[PDB]
Every structure is written in structure tokens, then in C-alpha cells.
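This report refers to the structure that appears directly beneath it.
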Amino acid sequence: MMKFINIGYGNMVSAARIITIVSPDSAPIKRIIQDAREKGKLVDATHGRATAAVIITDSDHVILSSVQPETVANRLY
Amino acid sequence: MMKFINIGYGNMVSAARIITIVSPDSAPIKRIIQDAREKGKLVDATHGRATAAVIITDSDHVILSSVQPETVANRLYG
Amino acid sequence: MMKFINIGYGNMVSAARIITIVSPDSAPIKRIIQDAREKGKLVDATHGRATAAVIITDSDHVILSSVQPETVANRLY
Amino acid sequence: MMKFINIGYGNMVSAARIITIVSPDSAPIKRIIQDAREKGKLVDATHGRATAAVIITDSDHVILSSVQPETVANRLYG
Amino acid sequence: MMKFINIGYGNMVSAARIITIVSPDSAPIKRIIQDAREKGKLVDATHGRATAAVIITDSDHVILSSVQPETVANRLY
Amino acid sequence: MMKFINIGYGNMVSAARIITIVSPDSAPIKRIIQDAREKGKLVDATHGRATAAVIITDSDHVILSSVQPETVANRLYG
Amino acid sequence: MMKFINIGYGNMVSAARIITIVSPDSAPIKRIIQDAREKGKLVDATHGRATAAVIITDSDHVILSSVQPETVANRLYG
Amino acid sequence: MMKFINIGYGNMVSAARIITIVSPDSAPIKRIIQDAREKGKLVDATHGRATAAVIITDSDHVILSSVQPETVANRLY
Amino acid sequence: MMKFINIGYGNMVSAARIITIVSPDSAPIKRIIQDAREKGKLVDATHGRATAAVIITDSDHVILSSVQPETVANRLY
Amino acid sequence: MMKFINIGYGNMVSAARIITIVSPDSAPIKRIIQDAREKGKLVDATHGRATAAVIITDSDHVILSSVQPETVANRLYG
Amino acid sequence: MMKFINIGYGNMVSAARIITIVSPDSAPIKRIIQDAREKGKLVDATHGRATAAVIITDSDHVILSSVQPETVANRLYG
Amino acid sequence: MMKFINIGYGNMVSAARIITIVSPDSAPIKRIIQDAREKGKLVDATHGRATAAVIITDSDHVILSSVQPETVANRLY
Amino acid sequence: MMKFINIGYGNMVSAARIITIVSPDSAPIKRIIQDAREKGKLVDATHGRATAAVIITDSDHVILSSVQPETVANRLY
Amino acid sequence: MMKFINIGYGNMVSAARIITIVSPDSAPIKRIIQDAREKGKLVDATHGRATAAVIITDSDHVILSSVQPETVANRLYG
Amino acid sequence: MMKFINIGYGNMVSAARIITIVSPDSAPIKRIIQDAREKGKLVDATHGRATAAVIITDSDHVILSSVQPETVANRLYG
Amino acid sequence: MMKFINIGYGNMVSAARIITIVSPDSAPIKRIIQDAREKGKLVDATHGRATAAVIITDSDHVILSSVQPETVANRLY
């Protein structure tokens, strides 16, 4: 079981710091992304690809990934 | 016992970060949802379907799920 | 030993987040309930039944349950 | 070693959240009780009987119990 | 090894919450006691006896005990 | 599984304090670097070479490394 | 490995709460001592003897000890 | 594996409190040192020798050591 | 020119403390009223009549009046 | 136009510090009184008689008076 | 020179509390409106008509008016 | 009209800084006095005489005077 | 002497709320503009024209004007 | 009526910044002096002589003077 | 007596907002300039020329001017 | 009566912003100077001469002057 999860293109997130991993396709999460962009809490790890998952961490950073949310979780192993 | 729980339509929550999982069936939890919406702490994981469970996390985010609360809790085990 | 406790009618609370579980029948806890209602920290999980237990969590949420307080604690197992 | 301790009349406290359990027998702890009453941090679990122990928790709540302090501590074990 | 330590006359302190246990016989700790008295963080558990130890907890409460400081620590066992 | 990870040129980071390790390849992470520079939270461990990984720690420090992000993560194991 | 360390003359410190143990031999640590004195965070456990070690705890208290820093650390083990 | 690490000349740091150990030879870490000096968070444990490592702790103290950074980490054992 | 303005049924407001006087008939001001009710900043001076004006003061209190907003302002004289 | 207004039984308030003077006749102002009582911001100048006016000051103190609100305001002039 | 300015449909603003009066014609002021809406600082005095002026007050409230900005300012004088 | 008011025995208060001057004979003002004593905001200018007036200032200091409250106000002239 | 100053195209600023009016042509003021944009404190009143003056107000809003800075000040009259 | 008042030995205070001028003759004002000393808000203008007046300013600084309180106040006028 | 002062090259400052106008000729004011630069409170009105005066305003902004401090002050009068 | 006071060598202070002007020759004011130095609130306007007056302003800046304190005040005129 991994401490660090590959969220695509070599970018890594600590599993123990994740609160939730969700789809980017509704208004509340879009509000969270724009808030993070304004506050300097946004990290874009999609490396030019479509955003498929939004990772919210306990430091209240918001990380964009090109990977399916369930796949990010699956990569714990 | 799992680290991440599928709360419907591929959306995942860390089990250790959950405080409570309740029905959306009364005024106080509805106040909590609207507060979270205003503050940018709301996450809607229902994928357009009826809200069946409201998840409050220790980061004081509020997550809407389309599955019953007991279903979220039962999925702690594989 | 459970991580999540059924506090009645399918509603769940994380055991590790509970500070105290008390009866609702005196002035100080009633002050705590009304404070939580005003602050948006109250959760009513009694599902139309009489409040039998008041659960205070470490996030300072206040959760109303229809179950006896000792029974909520017993459900840890 | 128990997670929840019965402090009398069915009222329960999480053992890991307790900082100290003391007698109500002097001015400083009485100051702490009145401060908690004013701030909405006081919990009275005495069920109308004499206060015998004062429990201070890490959330800086103050809980009144009708059982002796050593009795609260001893109940940590079944 | 105990979770709760008897600090005299039945009064109990959680061992994991203690930062330091010191003698009350110098100016800096006396400043700490008076600050706690003013702030409502002082607890007097000496039950009418001479203060022999001052316990500082992580919640920044200050607890007076009639017991030798090394004896309080010894009571962990 | 190691406590400290060498991120290049002798510089060390505590593994348990890392939140994320990402490429410096877009505007949001560059915003994070400049914010840290202004606030005195930036640490440059590149030893004059090209930045290949950006480490964000739970203390909300930002650490620049000359090694690829996957290399930082792989070094968790000896 | 002990929970409490005797730092001289019966005074005790929780090992898990210590951040650093250093000599009082330079201006920065002396600044830290004077700041703690002003703020009411200083604890003098030297019992009237020369300060040999300065203990900084996670509660940002500052504790003066009459024993060498290596002696405080060595006493972690019985 | 040690709880306390000797960072030179008898000075000790708790390993679990360290965030990062870096060289002092660039502008950002020098900003961190000067900030700590102004704020009263700086600790100089070099005991008159050249600074070889800068230790940042979770309490946001900054500790100067005369030892190589990798050597400080090696001393965990 | 008055220091105190009669806002109906003998209730008085200091003119110099008023920021704005508006109609209660749209969503944003209704949000302001409900926020004030929750926070303990609401004052209801309508004395059982329909709310015709909402007074926002510099202390961020919200005062309900039964009088037309322009009439409240006119009463400055 | 006076600086100090007699609000009954010798008690005085600075006119320039008053925000509003209202009847105690509804739930919101009663919430304000109880909040002030809990916080130590309440001043009772009624001298044991029925409360007829509630004065809120810019320091967010709450003062109870036994005279009608219009009487407080009229006394601004001698 | 008036204390209160009619900003349309009977709605009034204290002139001394106004910081700026601008057109709603660009992204930054629209950001300010949406921020105020989320925070409960927005006041809509347009009475259902097109927004022509945005008033920012020193209490950091944001007030929407249906009259041109120059009209608000000109009404300072009777 | 004075800037400074003699509140007895040579002690002076700036008139423009006073919020209210009240009798000390009820529970709420006694709470205010004890709060100020604990917080280091209390000033006792009675010079050994009975407290007749309690002065609350905008800095939230609380000043005890031996003079009738209406007399303190009268001394503005 | 005006209370409100026309800063171009009908946009108005209260003169008493202005701290400084400066040219936009150097790095520090550009930092101030970008900070305000991120924080939601920026107001763009240039109405599609080149920015000629940057107005900093006491509420720490930043207002862009198409008018020369000295001309904005001149319009006080 | 003067802007600056000489409080002895050339030391000056702005009259408009003074809240109260009192004797140092009781425990509460002594608490205020010691608090100011600890916080770095104390100013000693006595030039080595007995403290006769204690000046509290709106910046919550505390200034010690060697002249009687009535003398400070009387010097408001030339 | 003017409301706005020209501090060189068309840049204007409100006279009532100025706390102090000093030479850039020592370490403490240079510390103030660098702090303002880091925090986004610095304004450079020198138009590329040597700094001759440093203006600190009540909003704790720091403004660099190319004119001597006495020149800024003298321009208060027309 | 001046708005700005010359405090020596062309350096200017706004009279309305001054709280107190005192001699630098005792421990409490020296604590205030060192605090200001650490916090970045110190301004040294002595231009290489002996400090004769310490000016404390309402923004809690501390300004060193080479002029007698009573002379600074006299320069109001």
C-alpha cells in the first residue's frame, strides 16, 4: 500500500493527505477550483490533458489530475 | 478496512476524514449545506441524482452523495 | 470494534470524533444545542423522534440522536 | 481499556479527550466552570445531584459529574 | 503504564497531555501560575496542602499538585 | 521505507511532511512558487540547476528540487 | 525509552514534546529566552545553578536546565 | 533509530519535528534565516563554526548546524 | 437636522451610523436579514407591521422598520 | 445638544456612542440582550424596574433603561 | 450637500460611506459582485431593472443601482 | 466644557472616551468589573472610598469612581 | 471642492478615501494590481482604454483609471 | 488648549490620545503597569523620581509621570 | 493647504494619510522598504531616479519619491 | 500651527499621528526601540547623531530623532 500515489505524468500526492477525489463536472467543485486559483492553492497536474479528477487535500490545496477518480484511489496499491 | 470509500459515480472520500454521514431530511443539515455552498466548501457527488446522504469531513467540507448513509459506512469493508 | 456508529435510522458518526454523549435534559446542554443551531453546527438525526442523546464532536458539531447515550456508546461493538 | 467512560446516569465521555479530572473544591476550578457556563462550553451530567468531579476535555469543554474523580479514572478498565 | 496519573487526593491528569512538571520555587513558573489564574486556566488540586509540583498541559492549563514532581512522573507506572 | 529523502545535492526532506510533488510546468504551481518567495516559505535545493520537481509540505513551505518527481517518490524506499 | 525525562533537581519534561535541546551560548537562543520571559512561557528548572541546556517544547515554552544537552537526550533511555 | 539527533557539539533536535535540512547557500533559505532572526525563531548551534546545514522544524524554528545536511539525516541511526 | 431618526413606533436610530436603507423585496437583502438573525445582529422595530425598510448600520446590525425607506431618510429633518 | 444623556436613576450614556434605541418587544432584541449577558457586554440601568428601552452602543455593549426610547432621544436637547 | 442619496426606487445610501461608484462593465467589478453575493454583503436596489452602477461602501458592502454612476454622484446636491 | 473630567481625588478621565457611567449595584455591571479585573482593564480611582460610579471607556477599560454618576457627567462643565 | 471625483467615463471615487494616485509603469505597483485582482479588490474603470493612473483607497481597493494621475487630483476642484 | 502636554523632564504626550490619568495607588493600576512592562507598552518618563501619575493612551501604552494627575490635566491650557 | 501633494513625475499622495517622510539613509528604513516590497505594500514613484524620500502612510504602504523630504512637506501649501 | 514637524535634517513627522515624545534613557523605551527594530517598525532619523527623542506614532512606528523632545513639540508652531 503506497504512501505516494501517481496522479499522472509522474506527479505524486501523499495518500494520507487526501480528503476527497471527485469529478470536475458540477458547480460546487468548480467554485472550489476557482477559489483555489485565486488563493494560490491550485495545482494543475493534468500536463495538458482533460481534467478527470479533482483532489482536495487537508492543507486545502486543490490538485487537478487527468486520471479517473476511482483510478487514483486504486493506485493506493 | 478501506482507506477510500466510493460514494457513487466514481467519487471517493477518505474514511478517516469523515465526521458524520446523515440524511438530508431536516432543517439543520440543510443549513449546513447552504453554508457550505456559500463558503465554497460544498462538493456535489450526486451526478444529477437525488441526495441520499450528506458527508461532513474534518476539513468542514460538505459532500453530497446519492447512496444511503448506511451504504457509505458499509463500504468501509471490502 | 466499529469506526462508524449507527445513531439511529441509518445515520452514522465516526467514533473517534466523539467527545461526549449526554442527555438533553438540562440548561447547559440546551445552550450548546441553541448555539450550534445559530452557528450552523447542529445536525438533527432523530428523524422525527424524541431527542435522547446529544453528541458533541471534535469539530464542535452537535448531533441529536433518538438513542440512549449509553446505547450509542455500546454500539462501538 | 475502554474508549467511552460512563460518568453517571448514562452520560459518556471519550477517555482519550480528557485532560484532567478534579474535585470542585476550590476557587480556580469554580472560575473554570463559570467561564464555561458563560461561553457555552459547560455540560452538566450530574442529573440533579451534587457535583463530585469536574472533567476538562481537550476541546476545552467542562463536564460536571456526580461520581468521584477516582471512579471516573478507574472505569477506564472493564 | 497508566493513562491517568493520581496527582494527590484523588485528582487525575492524563499523562499524554503533560508537557512539564516542575517545582513552584522561582519567578518564571510563578508568572505562569498567575497568568493562568487571570486567564481561567489554573486548577488547584493541592486540597489545602503546600504546592510541590506545577503541571503544564498541552491545553496550556496549569495544575497545582501537593506531590513531588518526580513522584508524579513515577506514578505513570 | 525511509524517514528522510535526498532531493539532490545533499538536501533532505521528511517524507511524512510532503503533500504533493509536481512538475513546475504550468501557471498554478508557478503562482505557488512566487507566493512562497514573497512570504519567505520558499526553499531552493536545486544547487543552480533546472527545477524538475516542486515539493509542497504540510507547513506550506515550497521546496525546489533538480530531480524528477518520480525520483523523489521512489527514494522513499532504500 | 522513557516518557518523562528528569532535567535536574526533580523537574520533568515529556520527551515527545521536545523540539530541540541546545547550549545557551549565543545571541539567538538568548533572544528566545528573553522572549519567553516576557510572554510568560519561560520555565527555570536550574534550581539556582548555571544554565547548561535550553529546551524548546512544541507548546513554544522554553525550559532552562542545569544539565548538559547530551545528558537530557541520553536520559531518554533507562 | 534515534528520537534525538546530535547536530554537532552536543546540540540535539527531535527527528520527528524536522521538515527539511538544506544547504545555506542561496537566497530563499537566507531569507528564511533572517526572518527567523527577526521573529525570535532562530537557533544557532554551530558553536562558532561555518554553517553547513539549516534545519526547519514544524514549529517553524530555524536551527543552524555545522554538519553536512545528509550527515544530520544519517545520524537518525 | 436630527442626530436620531424615528423609524416607527418610537424606535430610534442614529443617522450617522446608517450605511443604507433599502426595500426588503429581493434575495440579497433577505440573505442579509437571515445572516443577522443567526448572528444576533438583527433588530425588529416593525412592532407587528409589514417590513418596509431594512437599515444596515456601520456596526453591521440590521434593523427592520415599518416605514418607507425614503421616509426614514426624510426624517433626518 | 448634550454630550451625556440621563437614561434613568442617574445612569448616563454618551449620545455619540448610541447606534439604536428600541423597545424590548420582540425575539431579535431579546437575543441581543442574552448574547450581551453571556459575553459580559450587558449593562442594566433599570434600577429594578421594567425595561422600556434597549440601547446598543458602538462598543457593542447593550444597556437596559426604564424610560421609553423616545424619552432617551428627546433628552439629547436641554 | 445631502447626507442620504436616493439610488433609485426609494433606496438610500449614506454619501459619506461611499468609496467608489462604477459601471458593471468588466470582469474585476463582476468578481466583486459575486464575492459580495457569496459573503452576504450584496444589496440589490435595482428593483428588477438593468444594473447601471455599482456602489462599494466602506463597510465593504456592494450595492447595485439602476441609475448611471454620474447620476448617483450628482444627487449629492439638492 | 472640559476635555478632562475630575472623577475624584485628582483622577482624570477624557470625556470623549466615555461610553457610559452607571451605578455598581447589579449583576451585569459586576460581571463587567470582574472581567476587567481578570483582563487587566480595571482602574480603581475610589482612593479607599465606596464605589459610586462605574465608567466604561471606548478602549473597554473600566474605571471605578467614588462620585455619583450624574455628578461625573455634570463635571463636563 | 468635490467629494466625488470623476475618474473617466462617468466612474466616481470619493476624494477622502484616496491614499495615493500613481503611474502603472513599475514593478511594485504592478504587484499591487495583481494582488488586488487575486483578492477581489481590483476595479477597472478604464472602459477599454490604456491605464494611466492607479488609485489606492483606504479600504485597500485598487482602481484603474484612464486619466493622468495629476489630472485626477486636479478634478478635486 | 494645547496639543502636547509636558509630563515632566521634557517628555511630551498628545492630549487627544489620553484616556485616563490616575494615581499609582492600588492593585488594578499596578496590574496595568506590569502588563505593559511585559508587553513592551510601558514608557517611563519619571527620570528616576517617584511615580505620581499613570497615563493610559488610546494605543494602550502606559506612561509613568512624576507630576500629579491634576497637574497633567491643568497643563492642557497655557 | 492642499489635499493632494505631488511627489514627483505626476504621482500624488493624500497629505492627511502621511505618517512620516524620511531619508532612505539607514538600515531601519531600508528594512521597512524591503518588508513592503515582500508584502506588496511598496509603491515606487521615483520614475527611475534616485530615491530621496520615503513616505509611510497610515495604510502602512511605503512610497518612494525622488524629491527631498522637505520638498514633499513644503508642497502642502500652494 | 504645522501639520508636519521637522524632526531634524529634513525628516518630517505628521503632528496628528504622534502619541508621545520621550527621552531614550531608560529600560522601557529601550524595549520599545528594540521591539520596533525586530518588527520592522523602527525609523532612524538622527542622521548619525545622538538620539535625543523617541517618537511613538499611532501606527506604532518608533522614530528616532536627534532633537530634544520638548523642541520637537515646540516645532508644532
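In the C-alpha cells, chains take letters A, B, ... by order of appearance, with residues numbered from 1 within each chain and ligands from 1 in the order shown.
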
Return as CSV the residues of segment 2-70 of chain A lying at most 10 Å from segment 55-64 of chain F, together with the closest atom-to-atom pair for each and the distance in Å to one decimal, counting only C-alpha atoms, with rows in chain order and ascending residue number.
residue,atom,partner,partner_atom,distance
A:12,CA,F:55,CA,9.6
A:13,CA,F:56,CA,9.8
A:17,CA,F:58,CA,9.0
A:58,CA,F:58,CA,8.7
A:59,CA,F:58,CA,6.6
A:61,CA,F:56,CA,9.8

Same residues, N, CA, C and O atoms, saved as a short mmCIF file (atom, residue, chain, number, x, y, z; two decimals), in the first residue's frame:
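Okay, result_10.cif is ready:
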data_model
loop_
_atom_site.label_atom_id
_atom_site.label_comp_id
_atom_site.auth_asym_id
_atom_site.auth_seq_id
_atom_site.Cartn_x
_atom_site.Cartn_y
_atom_site.Cartn_z
N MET A 12 2.94 13.31 -8.06
CA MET A 12 2.70 12.47 -6.90
C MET A 12 1.92 13.22 -5.83
O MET A 12 2.11 14.42 -5.63
N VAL A 13 1.03 12.50 -5.14
CA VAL A 13 0.29 13.02 -4.00
C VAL A 13 0.39 12.02 -2.85
O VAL A 13 0.30 10.81 -3.06
N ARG A 17 -2.92 12.53 2.87
CA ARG A 17 -3.31 13.93 2.88
C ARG A 17 -4.57 14.20 2.06
O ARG A 17 -5.04 15.34 2.04
N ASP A 58 -5.77 17.98 2.79
CA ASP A 58 -6.06 18.54 4.11
C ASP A 58 -5.47 19.93 4.30
O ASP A 58 -5.96 20.68 5.15
N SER A 59 -4.44 20.29 3.54
CA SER A 59 -3.93 21.66 3.54
C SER A 59 -4.80 22.57 2.69
O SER A 59 -4.44 23.74 2.48
N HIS A 61 -5.27 22.51 -0.41
CA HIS A 61 -4.87 22.59 -1.80
C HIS A 61 -5.84 21.81 -2.67
O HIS A 61 -6.52 20.88 -2.22
#

Problem - Which of segment 25-72 of chain N DSSP labels strand (DSSP E), written as JSON, numbers by chain - result: {"N": [42, 43, 44, 53, 54, 55, 56, 57, 62, 63, 64, 65]}

For the selection you just gave me, I'd like the residues written to a file as an mmCIF file, in the first residue's frame, keeping N, CA, C and O atoms.
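Dumped to part22.cif:
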data_model
loop_
_atom_site.group_PDB
_atom_site.id
_atom_site.type_symbol
_atom_site.label_atom_id
_atom_site.label_comp_id
_atom_site.auth_asym_id
_atom_site.auth_seq_id
_atom_site.Cartn_x
_atom_site.Cartn_y
_atom_site.Cartn_z
ATOM 1 N N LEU N 42 5.069 49.907 28.020
ATOM 2 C CA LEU N 42 5.355 50.830 29.108
ATOM 3 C C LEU N 42 6.366 51.886 28.682
ATOM 4 O O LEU N 42 7.346 51.587 27.993
ATOM 5 N N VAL N 43 6.121 53.124 29.106
ATOM 6 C CA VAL N 43 7.042 54.240 28.913
ATOM 7 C C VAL N 43 7.250 54.895 30.271
ATOM 8 O O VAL N 43 6.280 55.305 30.919
ATOM 9 N N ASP N 44 8.505 54.998 30.700
ATOM 10 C CA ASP N 44 8.844 55.576 31.996
ATOM 11 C C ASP N 44 9.427 56.963 31.755
ATOM 12 O O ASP N 44 10.564 57.095 31.289
ATOM 13 N N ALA N 53 1.749 59.902 38.610
ATOM 14 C CA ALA N 53 0.602 59.767 37.724
ATOM 15 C C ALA N 53 0.872 58.679 36.696
ATOM 16 O O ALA N 53 2.004 58.496 36.243
ATOM 17 N N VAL N 54 -0.189 57.964 36.330
ATOM 18 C CA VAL N 54 -0.142 56.912 35.321
ATOM 19 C C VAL N 54 -1.081 57.309 34.191
ATOM 20 O O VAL N 54 -2.283 57.498 34.414
ATOM 21 N N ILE N 55 -0.533 57.444 32.985
ATOM 22 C CA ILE N 55 -1.283 57.883 31.813
ATOM 23 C C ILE N 55 -1.514 56.680 30.909
ATOM 24 O O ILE N 55 -0.557 56.029 30.472
ATOM 25 N N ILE N 56 -2.782 56.385 30.629
ATOM 26 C CA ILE N 56 -3.162 55.346 29.678
ATOM 27 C C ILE N 56 -3.632 56.019 28.396
ATOM 28 O O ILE N 56 -4.526 56.874 28.427
ATOM 29 N N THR N 57 -3.030 55.642 27.272
ATOM 30 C CA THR N 57 -3.331 56.237 25.978
ATOM 31 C C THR N 57 -4.164 55.277 25.136
ATOM 32 O O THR N 57 -4.268 54.083 25.432
ATOM 33 N N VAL N 62 1.212 52.712 28.323
ATOM 34 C CA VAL N 62 1.100 53.167 29.707
ATOM 35 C C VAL N 62 2.330 54.011 30.029
ATOM 36 O O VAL N 62 3.462 53.528 29.912
ATOM 37 N N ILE N 63 2.115 55.266 30.427
ATOM 38 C CA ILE N 63 3.197 56.235 30.592
ATOM 39 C C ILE N 63 3.253 56.680 32.049
ATOM 40 O O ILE N 63 2.254 57.164 32.596
ATOM 41 N N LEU N 64 4.423 56.526 32.670
ATOM 42 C CA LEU N 64 4.645 56.930 34.054
ATOM 43 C C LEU N 64 5.168 58.361 34.111
ATOM 44 O O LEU N 64 6.105 58.714 33.388
ATOM 45 N N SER N 65 4.566 59.179 34.977
ATOM 46 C CA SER N 65 4.953 60.575 35.134
ATOM 47 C C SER N 65 5.229 60.879 36.601
ATOM 48 O O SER N 65 4.638 60.273 37.499
#

Can I get the residues of chain P within 9 Å of chain N, each with the closest pair of atoms and their distance in Å to one decimal, using only C-alpha atoms, sorted chain first then ascending number, as JSON lines?
{"residue": "P:15", "atom": "CA", "partner": "N:3", "partner_atom": "CA", "distance": 8.9}
{"residue": "P:16", "atom": "CA", "partner": "N:14", "partner_atom": "CA", "distance": 8.4}
{"residue": "P:18", "atom": "CA", "partner": "N:14", "partner_atom": "CA", "distance": 6.7}
{"residue": "P:19", "atom": "CA", "partner": "N:14", "partner_atom": "CA", "distance": 5.3}
{"residue": "P:20", "atom": "CA", "partner": "N:13", "partner_atom": "CA", "distance": 4.4}
{"residue": "P:21", "atom": "CA", "partner": "N:12", "partner_atom": "CA", "distance": 5.0}
{"residue": "P:22", "atom": "CA", "partner": "N:11", "partner_atom": "CA", "distance": 4.6}
{"residue": "P:23", "atom": "CA", "partner": "N:11", "partner_atom": "CA", "distance": 6.6}
{"residue": "P:25", "atom": "CA", "partner": "N:47", "partner_atom": "CA", "distance": 8.3}
{"residue": "P:26", "atom": "CA", "partner": "N:44", "partner_atom": "CA", "distance": 7.0}
{"residue": "P:27", "atom": "CA", "partner": "N:44", "partner_atom": "CA", "distance": 8.0}
{"residue": "P:28", "atom": "CA", "partner": "N:43", "partner_atom": "CA", "distance": 5.4}
{"residue": "P:29", "atom": "CA", "partner": "N:43", "partner_atom": "CA", "distance": 5.6}
{"residue": "P:31", "atom": "CA", "partner": "N:40", "partner_atom": "CA", "distance": 6.1}
{"residue": "P:32", "atom": "CA", "partner": "N:40", "partner_atom": "CA", "distance": 5.7}
{"residue": "P:35", "atom": "CA", "partner": "N:40", "partner_atom": "CA", "distance": 7.5}
{"residue": "P:53", "atom": "CA", "partner": "N:11", "partner_atom": "CA", "distance": 8.8}
{"residue": "P:58", "atom": "CA", "partner": "N:59", "partner_atom": "CA", "distance": 6.7}
{"residue": "P:59", "atom": "CA", "partner": "N:59", "partner_atom": "CA", "distance": 8.9}
{"residue": "P:60", "atom": "CA", "partner": "N:59", "partner_atom": "CA", "distance": 8.0}
{"residue": "P:68", "atom": "CA", "partner": "N:10", "partner_atom": "CA", "distance": 7.8}
{"residue": "P:69", "atom": "CA", "partner": "N:10", "partner_atom": "CA", "distance": 6.0}
{"residue": "P:70", "atom": "CA", "partner": "N:10", "partner_atom": "CA", "distance": 5.3}
{"residue": "P:71", "atom": "CA", "partner": "N:10", "partner_atom": "CA", "distance": 8.7}
{"residue": "P:73", "atom": "CA", "partner": "N:4", "partner_atom": "CA", "distance": 6.6}
{"residue": "P:74", "atom": "CA", "partner": "N:4", "partner_atom": "CA", "distance": 8.8}
{"residue": "P:76", "atom": "CA", "partner": "N:3", "partner_atom": "CA", "distance": 8.8}

Handout entry: All residues 7 Å or closer to residue 1 of chain O, only C-alpha atoms, same chain fewer than 4 positions away omitted, as a PyMOL selection string
Key = chain O and resi 76-78

Exercise for the section: Could you give me, as a PyMOL selection string, the residues within 8 Å of residue 14 of chain C, counting only C-alpha atoms and dropping anything in the same chain fewer than 5 positions from it? Expected result: (chain B and resi 18-20) or (chain C and resi 3-5)

Keeping only N, CA and C atoms, write those residues as a PDB file, in the first residue's frame.
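Dumped everything to out04.pdb:
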ATOM      1  N   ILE B  18     -13.998  11.446   7.699  1.00  0.00           N
ATOM      2  CA  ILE B  18     -15.440  11.618   7.846  1.00  0.00           C
ATOM      3  C   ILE B  18     -15.782  11.804   9.317  1.00  0.00           C
ATOM      4  N   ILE B  19     -16.601  12.811   9.604  1.00  0.00           N
ATOM      5  CA  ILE B  19     -17.149  13.007  10.941  1.00  0.00           C
ATOM      6  C   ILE B  19     -18.506  12.333  11.088  1.00  0.00           C
ATOM      7  N   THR B  20     -19.421  12.591  10.155  1.00  0.00           N
ATOM      8  CA  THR B  20     -20.772  12.058  10.246  1.00  0.00           C
ATOM      9  C   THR B  20     -21.363  11.917   8.849  1.00  0.00           C
TER      10      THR B  20
ATOM     11  N   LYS C   3     -15.529   1.640  13.429  1.00  0.00           N
ATOM     12  CA  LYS C   3     -15.167   3.031  13.173  1.00  0.00           C
ATOM     13  C   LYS C   3     -16.399   3.928  13.157  1.00  0.00           C
ATOM     14  N   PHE C   4     -17.492   3.466  12.554  1.00  0.00           N
ATOM     15  CA  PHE C   4     -18.721   4.241  12.444  1.00  0.00           C
ATOM     16  C   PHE C   4     -19.800   3.624  13.322  1.00  0.00           C
ATOM     17  N   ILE C   5     -20.555   4.481  14.004  1.00  0.00           N
ATOM     18  CA  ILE C   5     -21.611   4.065  14.918  1.00  0.00           C
ATOM     19  C   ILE C   5     -22.951   4.496  14.341  1.00  0.00           C
TER      20      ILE C   5
END

Practice task
Identify all chain I residues at most 9 Å from chain C by counting only C-alpha atoms; ligands do not count. Present them as a ChimeraX atom specification.
Solution key: /I:37-40

Practice task
Do a neighbour search on residue 64 of chain E at 7 Å with only C-alpha atoms, toss out local chain neighbours closer than 3 positions, and write the hits as a VMD selection string.
Solution key: chain E and resid 43 to 46 51 53 to 55

Would you save the residues of that selection, restricted to N, CA and C atoms, as a PDB file, in the first residue's frame?
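Saved result, selection-v9.pdb, follows:
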ATOM      1  N   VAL E  43      -5.835  25.252  37.789  1.00  0.00           N
ATOM      2  CA  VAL E  43      -6.534  24.217  38.543  1.00  0.00           C
ATOM      3  C   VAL E  43      -5.708  23.933  39.790  1.00  0.00           C
ATOM      4  N   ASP E  44      -6.326  24.056  40.965  1.00  0.00           N
ATOM      5  CA  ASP E  44      -5.639  23.829  42.234  1.00  0.00           C
ATOM      6  C   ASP E  44      -6.111  22.492  42.793  1.00  0.00           C
ATOM      7  N   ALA E  45      -5.246  21.480  42.711  1.00  0.00           N
ATOM      8  CA  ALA E  45      -5.541  20.144  43.210  1.00  0.00           C
ATOM      9  C   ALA E  45      -4.745  19.795  44.464  1.00  0.00           C
ATOM     10  N   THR E  46      -4.267  20.800  45.199  1.00  0.00           N
ATOM     11  CA  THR E  46      -3.466  20.536  46.386  1.00  0.00           C
ATOM     12  C   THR E  46      -4.344  20.201  47.589  1.00  0.00           C
ATOM     13  N   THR E  51       1.898  23.531  47.737  1.00  0.00           N
ATOM     14  CA  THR E  51       2.180  23.188  46.349  1.00  0.00           C
ATOM     15  C   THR E  51       3.598  22.642  46.235  1.00  0.00           C
ATOM     16  N   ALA E  53       4.381  20.613  43.138  1.00  0.00           N
ATOM     17  CA  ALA E  53       4.625  20.456  41.712  1.00  0.00           C
ATOM     18  C   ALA E  53       3.624  21.283  40.924  1.00  0.00           C
ATOM     19  N   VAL E  54       4.088  21.798  39.790  1.00  0.00           N
ATOM     20  CA  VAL E  54       3.274  22.568  38.859  1.00  0.00           C
ATOM     21  C   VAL E  54       3.264  21.814  37.538  1.00  0.00           C
ATOM     22  N   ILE E  55       2.075  21.427  37.084  1.00  0.00           N
ATOM     23  CA  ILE E  55       1.908  20.633  35.872  1.00  0.00           C
ATOM     24  C   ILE E  55       1.378  21.542  34.773  1.00  0.00           C
TER      25      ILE E  55
END

Exercise for the section: Please identify which residues in chain F DSSP calls alpha helix (DSSP H) from the backbone, and express them as a VMD selection string. Expected result: chain F and resid 27 to 39 69 to 74
